[PDB]
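Asker:
There are 2 protein chains.
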Amino acid sequence: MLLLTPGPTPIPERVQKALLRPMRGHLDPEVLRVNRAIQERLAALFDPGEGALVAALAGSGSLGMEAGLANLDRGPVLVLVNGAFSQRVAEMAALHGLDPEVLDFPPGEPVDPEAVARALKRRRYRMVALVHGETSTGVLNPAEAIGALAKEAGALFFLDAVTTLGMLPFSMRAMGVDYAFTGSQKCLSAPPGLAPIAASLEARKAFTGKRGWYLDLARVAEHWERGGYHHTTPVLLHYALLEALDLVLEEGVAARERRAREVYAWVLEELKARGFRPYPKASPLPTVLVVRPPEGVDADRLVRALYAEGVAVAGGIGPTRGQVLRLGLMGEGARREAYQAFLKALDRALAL
Amino acid sequence: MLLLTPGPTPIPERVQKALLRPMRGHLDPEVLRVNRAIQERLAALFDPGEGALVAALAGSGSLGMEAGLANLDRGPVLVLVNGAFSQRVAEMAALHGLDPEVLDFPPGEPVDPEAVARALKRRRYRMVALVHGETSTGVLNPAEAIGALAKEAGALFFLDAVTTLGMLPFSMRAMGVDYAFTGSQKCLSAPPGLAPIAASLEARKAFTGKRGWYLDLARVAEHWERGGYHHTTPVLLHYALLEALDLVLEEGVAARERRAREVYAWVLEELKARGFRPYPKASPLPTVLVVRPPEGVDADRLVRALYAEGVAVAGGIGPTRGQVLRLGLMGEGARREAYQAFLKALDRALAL
Ligand SMILES: Cc1ncc(COP(=O)(O)O)c(/C=N/[C@@](C)(CO)C(=O)O)c1O
Ligand SMILES: Cc1ncc(COP(=O)(O)O)c(CN)c1O
Numbered sequence: 001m002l003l004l005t006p007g008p009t010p011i012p013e014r015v016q017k018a019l020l021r022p023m024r025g026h027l028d029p030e031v032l033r034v035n036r037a038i039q040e041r042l043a044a045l046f047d048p049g050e051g052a053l054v055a056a057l058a059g060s061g062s063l064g065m066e067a068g069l070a071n072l073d074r075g076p077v078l079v080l081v082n083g084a085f086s087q088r089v090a091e092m093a094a095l096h097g098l099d100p101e102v103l104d105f106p107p108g109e110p111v112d113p114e115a116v117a118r119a120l121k122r123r124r125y126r127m128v129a130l131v132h133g134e135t136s137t138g139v140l141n142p143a144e145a146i147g148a149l150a151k152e153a154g155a156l157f158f159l160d161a162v163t164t165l166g167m168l169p170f171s172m173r174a175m176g177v178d179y180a181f182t183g184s185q186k187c188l189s190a191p192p193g194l195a196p197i198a199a200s201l202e203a204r205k206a207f208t209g210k211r212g213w214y215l216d217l218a219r220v221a222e223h224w225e226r227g228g229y230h231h232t233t234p235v236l237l238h239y240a241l242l243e244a245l246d247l248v249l250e251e252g253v254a255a256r257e258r259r260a261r262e263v264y265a266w267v268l269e270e271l272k273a274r275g276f277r278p279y280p281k282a283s284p285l286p287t288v289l290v291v292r293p294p295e296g297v298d299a300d301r302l303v304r305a306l307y308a309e310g311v312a313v314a315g316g317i318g319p320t321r322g323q324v325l326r327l328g329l330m331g332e333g334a335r336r337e338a339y340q341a342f343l344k345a346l347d348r349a350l351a352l
Numbered sequence: 001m002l003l004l005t006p007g008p009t010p011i012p013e014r015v016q017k018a019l020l021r022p023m024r025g026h027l028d029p030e031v032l033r034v035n036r037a038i039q040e041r042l043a044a045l046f047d048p049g050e051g052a053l054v055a056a057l058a059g060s061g062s063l064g065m066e067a068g069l070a071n072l073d074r075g076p077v078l079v080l081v082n083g084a085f086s087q088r089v090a091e092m093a094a095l096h097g098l099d100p101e102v103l104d105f106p107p108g109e110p111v112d113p114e115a116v117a118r119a120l121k122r123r124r125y126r127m128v129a130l131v132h133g134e135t136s137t138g139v140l141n142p143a144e145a146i147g148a149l150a151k152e153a154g155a156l157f158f159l160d161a162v163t164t165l166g167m168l169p170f171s172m173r174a175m176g177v178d179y180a181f182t183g184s185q186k187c188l189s190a191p192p193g194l195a196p197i198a199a200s201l202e203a204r205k206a207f208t209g210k211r212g213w214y215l216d217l218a219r220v221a222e223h224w225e226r227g228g229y230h231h232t233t234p235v236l237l238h239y240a241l242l243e244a245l246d247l248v249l250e251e252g253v254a255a256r257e258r259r260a261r262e263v264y265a266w267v268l269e270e271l272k273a274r275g276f277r278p279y280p281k282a283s284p285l286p287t288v289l290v291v292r293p294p295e296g297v298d299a300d301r302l303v304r305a306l307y308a309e310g311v312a313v314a315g316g317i318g319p320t321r322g323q324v325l326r327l328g329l330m331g332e333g334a335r336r337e338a339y340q341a342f343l344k345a346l347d348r349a350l351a352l
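For the protein sequence lines, the chains are A and B, in the order given. Those letters in the first sequence? Residues 1 to 352, by full-length UniProt numbering. Those letters in the second sequence? Residues 1 to 352, by full-length UniProt numbering.
1) So the alpha helix (DSSP H) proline 12 of chain A belongs to, where does it begin and stop?
2) I need the straight-line Cα distance from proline 106 of chain A to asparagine 82 of chain A, nearest angstrom please.
3) Quick one: what's got a C-beta closer than 6 Å to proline 196 of chain A's C-beta in the same chain, skipping five residues either side?
4) Applying the 10 Å Cβ sphere with the 16-neighbour rule, what's the burial state of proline 319 of chain A?
5) Could you tell me the boundaries of the beta strand (DSSP E) in which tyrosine 179 of chain A lies?
6) Going by the beta-carbon positions, is the gap between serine 200 of chain A and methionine 167 of chain A smaller than 8 Å?
7) Return the chain-ordered list of same chain residues with a C-beta closer than 8 Å to the C-beta of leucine 188 of chain B, the five sequence neighbours on each side being excluded.
8) Alpha carbon to alpha carbon, how far is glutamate 262 of chain A from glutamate 269 of chain A? Give it in angstroms, no decimals.
9) Would DSSP call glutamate 109 of chain A helix, strand or coil?
10) As a quick exercise: from B:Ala153, B:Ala84, B:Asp112 and B:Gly209, pick the residue whose alpha carbon is nearest that of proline 142 of chain B.
11) At a Cβ threshold of 8 Å, is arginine 211 of chain B touching chain A?
12) Counting only C-beta atoms, is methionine 172 of chain A closer than 8 Å to chain B at any point?
13) In terms of alpha-carbon separation, which member of A:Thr135, A:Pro169 and A:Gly64 lies closest to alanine 44 of chain A?
14) Determine the burial state of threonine 208 of chain A: buried for a count of at least 16 other Cβ atoms within 10 Å of its Cβ, exposed for fewer.
15) Using the Cβ count rule (16 or more neighbours within 10 Å means buried), how would you classify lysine 186 of chain B?
16) Is DSSP giving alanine 244 of chain B helix, strand or coil here?
17) Name the two residues that bound the continuous alpha helix (DSSP H) containing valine 267 of chain B.
18) Which partner residues of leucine 156 of chain A appear in the DSSP bridge assignment?
19) Entirely within the stretch 9-75 of chain A and at least 3 residues each: give me those beta strand (DSSP E) ranges in chain order.
20) Within the 8 Å Cβ cut-off, does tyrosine 339 of chain A reach chain B?
21) Beta-carbon of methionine 92 of chain A versus every beta-carbon of chain B: anything under 8 Å?
22) Leaving aside the five residues before and after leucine 352 of chain A along the sequence, list all residues of the same chain whose C-beta is less than 8 Å from its C-beta, in chain order.
23) So which of A:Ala153, A:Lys210, A:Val79 and A:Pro280 has the shortest CA-CA distance to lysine 121 of chain A?
24) Which partner residues of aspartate 99 of chain A appear in the DSSP bridge assignment?
25) From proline 278 of chain A to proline 48 of chain B, what does the alpha carbon distance come to, in whole angstroms?
26) Since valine 235 of chain B and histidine 96 of chain B are thought to touch, with beta carbons under 8 Å apart, how far apart are those beta carbons, to the nearest angstrom?
27) Examine ligand 2 and report whether any of its heavy atoms sits within less than 7 Å of the Cβ of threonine 232 of chain A.
28) I'd like to confirm something about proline 10 of chain B: is its beta-carbon nearer than 7 Å to some heavy atom of ligand 2, or not?
29) Taking C-alpha atoms, which residue in A:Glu109, A:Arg36 and A:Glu66 lies nearest to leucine 285 of chain A?
30) Relative to ligand 1, is the shortest distance from any of its heavy atoms to the C-beta of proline 6 of chain A smaller than 7 Å?
31) Note down, in chain order, each residue of its chain lying with its Cβ closer than 6 Å to the Cβ of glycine 212 of chain A, except the 5 sequence neighbours on either side.
32) Beta strand (DSSP E) containing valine 324 of chain A: first to last residue?
33) Could you tell me the alpha carbon to alpha carbon distance between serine 86 of chain B and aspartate 300 of chain A, rounded to whole angstroms?
34) At a cut-off of 7 Å, would you count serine 189 of chain A as near ligand 1, judging by its Cβ distance to the nearest heavy atom?
35) By the 10 Å Cβ neighbour count, where 16 or more other Cβ atoms means buried, how is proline 29 of chain A classified, buried or exposed?
36) Between the Cα of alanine 198 of chain A and the Cα atoms of A:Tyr214, A:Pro191, A:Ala221 and A:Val324, which residue gives the shortest distance?
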């Protein structure tokens, strides 16, 4: 089953094999040093700035998302929405009483900085939340510009980097980000179960909220910074993430962005040749190709057909449920060979 | 490094090797089949009653602990405390504004049902919380007795079964338990990263509190009962957990208890002969051997000495910090070969 879902992603033998290494306690100095190494690799990708909290939470990307909200002392929070996942952010903010304010943009269209700027003048915000690459629509948002605006309005900048960290240009310092996170199974090509996070110094000062125990970043810091006991960690996953991080760094994000952009380009031409149409109206996300099937072809049915043909892709989600095919070009998904196989399966699927 | 910490525990080869199976999407029909398989096995160990919610949360035992509290509509909650982990239960209950009422018992001593009976007559509790086996003290609490008292009081019965599920006789129905949980790395001897949970129909009816997103059991239910999307799951851990669950059912809980109790008695005599003394004053937990060191020997120093000899054990925690050694007799920890090596390393350590 070729894995072309825009998360989880294919795992390199080298990484998955790391899960075979001898099991150890979560407080074993060796594991503590493995955790130290992980922080250093993640810092090279995150570029978080001194005094920042860098860790890998024991959960999926969503845990990382909620941790960046549940610990916030207060709202209001300007949630920039243009997709299913920024919608999830607003959903979590509301749940936690951060009195979120939604600034909506049409699915398939990028968030507009000019619009953001005007919204920031209307009220004072403690935090502004954005999703770097909106997986549900295949849209890349202008985070660097947004971050500059947030800093001007004196608001913390929360950024979902699931579809970008490890594959596209990323830097918290450069984008003025106060909180970033991803999942171990995204562009990092590691097995799912961990959620790398990064909280700047200013984020930590504002993170005095106490609404959850498991996701309390203060408790998390005690283990990741001081080696104290918070809760038992998925040690084996830690092994795999460290190995996965070395792999990413050996290649370098520049080369990884090229892989994605190149394949994205010809796959779209191949799909347009077959009647498909790109979903994003502008500012496409290189790591996730989202397309509408040919007229008269049911997207979800096509996903089921592709599965039967040996290839797993994703259907739409949130605003695009039942309307598209979402193709992963994150990590090992972004491979010429993988997509040539996908096209063979697609043709078999379309013939039925 | 021989892993004899009372959690995590050594992992069977058959179990760890399952982590090498082909990665799949969290919604892949094959994975959903594995999940239903997981539920079947856990229901066999939990014996939760009809309509109960059974699942494996993506997180450590602590996530399972908080999940049964953060989802509770209202308190007050009578938290029976006699160890570090029942104290954690109290800390979570407070955070979530469930008005916890703590009833303390001396560390090293089991909770007394008669004292609980009186407390339950002093006030009407929405829930009664207990730790089946307190890992910090090596004490086994009278879960069955307390559950009968809870049912009479009309209170939901919350039970931490981390050191008991998968090794000691257990049944939510027989014990009147409404919420039970454990971790994958405990008696199940699987890789850490998952937290098996079981909520009774009555717990589900009362679980209408919305305080956390990730740990919302209603959302978890949507994925584990209807195959819907909640968040990406640790797919490889799921593969491993199921394999570990089968290993448990193939041996049988009755036989696993016997295995643990047999080693407990033998190791304890060997340790007494060497000047060690049992920490529990009554009702010793067969799955966790807690001992005080010989005269003149420091507990934490001995733990480091053992590590230097290639053996990993835990020192005290919470109320027993620096006063004891805690040896794991859970899952693969309960093996003669393992503890014979322990004694060899121990005598080398004691010689210095
Ligand atoms: C932008 C974005 N943020 C957060 C998440 C949450 O991560 P996790 O909890 O699923 O680990 C996803 C996952 N989106 C997936 C890959 C999974 O449903 C998809 O279907 O787009 C995502 O695309
Ligand atoms: C009795 C008890 N309860 C809960 C837990 C929580 O598990 P974890 O460390 O896997 O979060 C533990 C293990 N620390 C425990 O021993």
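Ideal Cβ positions, reconstructed from N, Cα and C, are used throughout, including at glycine.
Answerer: On the basis of the coordinates in this document:
1) Locating residue 12 of chain A in the first sequence gives position 12, counting from the first residue. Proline 12 of chain A -> no alpha helix (DSSP H), and no H or E assigned at all.
2) Here residue 106 of chain A refers to the residue found at position 106 of the first sequence. Here residue 82 of chain A refers to the residue found at position 82 of the first sequence. Taking the straight line joining both Cα atoms gives about 6 Å.
3) Reading the first sequence from its first residue, position 196 is the one you call residue 196 of chain A. Non-local C-beta neighbours of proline 196 of chain A in its own chain, meaning closer than 6 Å and more than five positions away in sequence, comprise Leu42, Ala56 and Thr182, ordered along the chain.
4) On the first sequence, position 319 is the one that residue 319 of chain A refers to. With 16 or more Cβ atoms within 10 Å of its Cβ, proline 319 of chain A is classed as buried.
5) Taking the first residue of the first sequence as 1, we reach residue 179 of chain A at position 179. 179-181 is the extent of the beta strand (DSSP E) around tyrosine 179 of chain A.
6) Numbered from 1 along the first sequence, position 200 holds the residue referred to as residue 200 of chain A. Numbered from 1 along the first sequence, position 167 holds the residue referred to as residue 167 of chain A. Against a cut-off of 8 Å, the Cβ pair of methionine 167 of chain A and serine 200 of chain A comes out as no contact.
7) Position 188 of the second sequence, counted from the start, is the residue given in the question as residue 188 of chain B. So the qualifying residues of the chain are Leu165, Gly166, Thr182, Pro196, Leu241, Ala244, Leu245, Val248 and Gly331.
8) For the purposes of this step, residue 269 of chain A is identified with residue 269 of the first sequence, where counting begins at 1. For the purposes of this step, residue 262 of chain A is identified with residue 262 of the first sequence, where counting begins at 1. Going from the Cα of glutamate 269 of chain A to the Cα of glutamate 262 of chain A covers about 11 Å.
9) Reading the first sequence from its first residue, position 109 is the one you call residue 109 of chain A. DSSP, reduced to helix, strand and coil, places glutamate 109 of chain A outside both helices and strands of the structure shown, so it counts as coil.
10) What you label residue 142 of chain B is simply residue 142 of the second sequence in a count that begins at 1. The shortest CA-to-CA distance from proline 142 of chain B to any of B:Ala153, B:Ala84, B:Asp112 and B:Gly209 is the one to B:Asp112.
11) The count along the second sequence starts at 1 and reaches residue 211 of chain B at position 211. So, interface residue.
12) By 1-based counting over the first sequence, the position of residue 172 of chain A is 172. Judged by the 8 Å Cβ criterion, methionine 172 of chain A is not in contact with chain B.
13) To locate residue 44 of chain A, count along the first sequence from 1; it is residue 44. Ranking A:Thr135, A:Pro169 and A:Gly64 by CA distance to the CA of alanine 44 of chain A puts A:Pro169 first.
14) Within the first sequence, residue 208 of chain A is the residue found at index 208, counting from 1. Label assigned to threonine 208 of chain A: exposed.
15) Here the question's residue 186 of chain B lines up with position 186 in the second sequence. Burial check for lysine 186 of chain B: the Cβ neighbour count within 10 Å reaches 16 or more, so the residue is buried.
16) The residue given as residue 244 of chain B occupies position 244 in the second sequence. In this structure, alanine 244 of chain B counts as helix in the three-state DSSP scheme.
17) Here residue 267 of chain B refers to the residue found at position 267 when the second sequence is read from its first residue. Residues 253-273.
18) Working through the first sequence from its first residue, we reach residue 156 of chain A at position 156. Partner residues in the beta bridge of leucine 156 of chain A, as assigned by DSSP, are A:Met127.
19) 53-57, all fully within the stretch 9-75 of chain A.
20) In the first sequence, the residue the question calls residue 339 of chain A occupies position 339. Using beta-carbon distances, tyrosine 339 of chain A does not count as an interface residue toward chain B, since no partner is under 8 Å.
21) Taking the first residue of the first sequence as 1, we reach residue 92 of chain A at position 92. Judged by the 8 Å Cβ criterion, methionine 92 of chain A is in contact with chain B.
22) Locating residue 352 of chain A in the first sequence gives position 352, counting from the first residue. Cβ within range, chain order: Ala305.
23) Within the first sequence, the letter at position 121 stands for residue 121 of chain A. Of A:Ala153, A:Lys210, A:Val79 and A:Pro280, the residue nearest in Cα terms is A:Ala153.
24) Here residue 99 of chain A is taken as the residue at index 99 of the first sequence, counted from 1. None; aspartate 99 of chain A has no bridge partner.
25) In the first sequence, residue 278 of chain A corresponds to position 278, counting from 1. In the second sequence, residue 48 of chain B corresponds to position 48, counting from 1. Take the alpha-carbon of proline 278 of chain A and the one of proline 48 of chain B: they are about 48 Å apart.
26) By 1-based counting over the second sequence, the position of residue 235 of chain B is 235. By 1-based counting over the second sequence, the position of residue 96 of chain B is 96. In this structure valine 235 of chain B is not in contact with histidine 96 of chain B, their Cβ atoms being roughly 30 Å apart against a cut-off of 8 Å.
27) For the purposes of this step, residue 232 of chain A is taken as residue 232 along the first sequence, with counting starting at 1. Relative to ligand 2, the nearest heavy atom lies less than 7 Å away from the CB of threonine 232 of chain A.
28) For this step, residue 10 of chain B is matched to residue 10 along the second sequence. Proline 10 of chain B has its CB no nearer than 7 Å to any heavy atom of ligand 2.
29) As a first step, residue 285 of chain A must be located in the first sequence, where it is residue number 285. Of the candidates A:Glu109, A:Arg36 and A:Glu66, A:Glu109 places its Cα closest to the Cα of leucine 285 of chain A.
30) To locate residue 6 of chain A, count along the first sequence from 1; it is residue 6. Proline 6 of chain A Cβ: within cutoff of ligand 1.
31) Reading the first sequence from its first residue, position 212 is the one you call residue 212 of chain A. For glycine 212 of chain A, where only same-chain residues beyond five positions count, the Cβ hits under 6 Å are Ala70.
32) In the first sequence, the residue the question calls residue 324 of chain A occupies position 324. Segment: none, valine 324 of chain A is in no beta strand (DSSP E) and carries neither H nor E.
33) Position 86 of the second sequence, counted from the first residue, corresponds to residue 86 of chain B. Position 300 of the first sequence, counted from the first residue, corresponds to residue 300 of chain A. Their Cα atoms are separated by approximately 48 Å.
34) Reading the first sequence from its first residue, position 189 is the one you call residue 189 of chain A. False, no ligand heavy atom lies under 7 Å from that Cβ.
35) Here residue 29 of chain A refers to the residue found at position 29 of the first sequence. Under the 10 Å beta carbon count, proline 29 of chain A is surrounded by fewer than 16 other beta carbons and is classified as exposed.
36) In the first sequence, the residue the question calls residue 198 of chain A occupies position 198. Comparing Cα-Cα distances from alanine 198 of chain A to each of A:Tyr214, A:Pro191, A:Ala221 and A:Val324, the minimum goes to A:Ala221.
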